[PDB]
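J.: I'd like to ask some things about the structure below.
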């Protein structure tokens with residue numbers, strides 16, 4: 025009954041995403057004990073073959089029974105879209121499983137350079153107690169820097185304190201936006 | 025035997041398509057890097073002479089290694105019909121071959137303002153995995169918006185990462201009607 | 052029975068009528084179907100034929 029179509033062509037274009045990640049400054053602590061890793065903060069990105077996400081892994085060292093605060097880990101800012109870009113962090117949840125995840129008692133990722141609405145995502149062991157943060161405005165050239173906060177329960181077994189072993193793996197998604 | 029004909033007299037004067045295609049606010053970014061194009065979304069409706077269709081060329085610049093979605097892409101928005109329009113979405117497949125189509129891991133199309141039953145047709149590279157959606161009401165005054173969701177695998181060569189080259193071309197057939 | 056039309060003059064979109072033409076003596080039946088440019092047109096119920 026008067027069924028009508030349009031037959032629309034769609035074309036797509038590919039370019040480097042405008043967010044990009046810099047390793048910050050705390051990747052040059054260059055001081056470490058016999059820990060295999062010669063640094064304290066690692067920043068690198070590899071192409072996931074399953075889904076093609078620009079995965080950016082980070083290695084953070086936490087001190088058992090003693091809270092640790094970071095002030096310069098990652099900075100986010102537009103490098104090609106020269107507009108006012110809005111960013112926000114959303115927590116996803118634990119990925120993988122090492123059965124050590126009950127031994128972490130608090131873990132937070134937050135902005136340091138721009139101060140805004142709550143500006144922290146908190147993980148209580150395996151569950152997520154803070155869903156997402158608010159937006160933040162970023163201009164051309166200036167970047168929002170991201171801190172960290174790790175606290176590991178001191179009851180961790182001695183055999184896993186040498187630093188080789190991984191005790192957690194958290195996914196957080198930071199979402200760019202053109203609106204507040 | 026007992027065969028009397030019809031001799032139909034069959035009146036046609038086609039009216040303008042009451043839906044019509046509006047660029048939306050995505051073309052109002054008006055800002056871009058030194059990538060050649062001043063705009064990211066090139067929405068334009070062109071008279072196709074090859075087969076006689078009001079084909080609309082719109083550009084959806086999908087960023088490499090990062091799933092990108094758009095909110096205000098296309099407006100199916102009745103200005104010449106005084107009733108309520110009921111539409112559903114069916115996709116065709118591929119047009120031509122850029123030899124880069126395998127680099128797409130997902131291409132699904134979901135609206136923002138109109139909300140209904142699944143409301144997304146999803147491509148899987150060259151193949152198709154979603155058939156169609158349900159009906160949605162579009163009447164006078166209330167105006168329907170079309171969205172998108174594009175993800176590109178970051179294994180694309182840097183030469184095609186400039187945004188000039190077209191990486192894929194798909195057909196979508198939206199069927200607007202006056203009845204559900 | 053579409054019974055709906057924009058500012059196109061005809062208050063309907065499908066017409067069915069028949070007149071007895073004297074030139075050929077045929078029960079010529081008149082059907083009118085509105086078209087749309089750049090747009091395939093399909094229908095469901097135009098005419099019913101049965102004894």
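Residue numbers (the authors' numbering), protein chains in the order written: chain B, 25 to 204; chain F, 25 to 204; chain C, 52 to 102.
The beta carbon of each residue, even a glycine, is placed where N, CA and C say it ideally should be.
1. Closest to residue 65 of chain F by C-alpha separation, out of F/182, F/86, F/41 and F/178, would be which residue?
2. For the pair the region 76 to 91 of chain B and the region 169 to 182 of chain B, tell me if three or more CB-CB distances fall below 8 angstroms.
3. So which residues of chain B does residue 175 of chain F contact, with C-beta pairs closer than 9 angstroms?
4. Between residue 157 of chain F and residue 142 of chain F, which are expected to be in contact by the criterion C-beta below 8 angstroms, what is the C-beta distance as a whole number of angstroms?
5. What does the alpha-carbon distance come out to for the pair residue 205 of chain F and residue 199 of chain F?
6. Mark residue 45 of chain F as exposed unless 16 or more other C-beta atoms lie within 10 angstroms of its C-beta, in which case mark it buried.
7. Would you mind sorting residue 127 of chain C into buried or exposed? The rule is 16 or more other CB atoms within 10 Å of its CB.
8. Around the C-beta of residue 48 of chain B, are 16 or more other C-beta atoms found within 10 angstroms, so that it is buried, or is it exposed?
9. With distances taken Cα to Cα, identify the nearest neighbour of residue 76 of chain B among F/77, F/92 and F/160.
10. Check the Cβ of residue 178 of chain F against every Cβ in chain B and list those closer than 8 angstroms, keeping chain order.
11. Start and end of the beta strand (DSSP E) containing residue 128 of chain B?
12. Which runs of the beta strand (DSSP E), 3 residues or longer, sit entirely within the region 134 to 181 of chain F?
13. Just reading off the beta strand (DSSP E) that residue 72 of chain F is part of, what are its end residues?
14. Taking Cβ-Cβ distances below 9 angstroms as the criterion, which residues of the region 105 to 138 of chain B are in contact with chain F?
15. Here's the rule: buried if 16 or more other CB atoms are within 10 angstroms of the residue's CB, otherwise exposed. What is residue 42 of chain F?
16. How about residue 183 of chain F and residue 149 of chain F: do their beta carbons lie closer than 8 angstroms?
17. Can you tell me whether residue 83 of chain F is buried or exposed? The criterion is at least 16 other CB atoms within 10 Å of its CB, across all chains shown.
18. Output needed for residue 136 of chain B: all residues of its chain with C-beta closer than 6 angstroms, excluding positions within five of it in sequence on either side, in chain order.
T.: Reading it off the structure:
1. Counting from one through the second chain, the residue named residue 65 of chain F turns up at place 41. That would be F/86, whose Cα lies nearest to the Cα of residue 65 of chain F.
2. Three or more beta-carbon pairs separated by less than 8 angstroms link the region 76 to 91 of chain B to the region 169 to 182 of chain B, which places the two stretches in contact.
3. To locate residue 175 of chain F, count along the second chain from 1; it is residue 151. Contact annotation for residue 175 of chain F against chain B: 75, 76 and 77 [CB-CB distance below 9 angstroms, chain order].
4. Along the second chain, one-based indexing puts residue 157 of chain F at 133. Along the second chain, one-based indexing puts residue 142 of chain F at 118. The Cβ separation is near 6 angstroms, so the contact holds.
5. The structure shown does not extend to residue 205 of chain F, since chain F is modelled only from 25 through 204, so no value can be given for it.
6. Residue 45 of chain F sits at position 21 when you count from the first residue of the second chain. So residue 45 of chain F ends up on the buried side.
7. Chain C is shown only over 52 to 102; residue 127 of chain C falls outside these bounds and no answer can be derived.
8. Numbered from its first residue, the first chain carries residue 48 of chain B at position 24. Under this definition residue 48 of chain B is a buried residue.
9. Locating residue 76 of chain B in the first chain gives position 52, counting from the first residue. Considering only alpha carbons, the answer is F/92.
10. Here residue 178 of chain F refers to the residue found at position 154 when the second chain is read from its first residue. Under the 8 angstroms cutoff, chain B gives 71, 76 and 78.
11. By one-based count along the first chain, residue 128 of chain B stands at place 104. Looking at the DSSP string, the run of the beta strand (DSSP E) that includes residue 128 of chain B is 128 to 133.
12. 144 to 148, 160 to 162 and 168 to 176
13. For this step, residue 72 of chain F is matched to residue 48 along the second chain. Looking at the DSSP string, the run of the beta strand (DSSP E) that includes residue 72 of chain F is 68 to 72.
14. 105, 106 and 107
15. Numbered from 1 along the second chain, position 18 holds the residue referred to as residue 42 of chain F. It counts as buried.
16. Within the second chain, residue 183 of chain F is the residue found at index 159, counting from 1. Within the second chain, residue 149 of chain F is the residue found at index 125, counting from 1. No, these two residues do not count as a Cβ contact at 8 angstroms.
17. Numbered from its first residue, the second chain carries residue 83 of chain F at position 59. Classification for residue 83 of chain F: buried.
18. Here residue 136 of chain B refers to the residue found at position 112 of the first chain. These residues qualify, in order along the chain: 95, 169 and 171.
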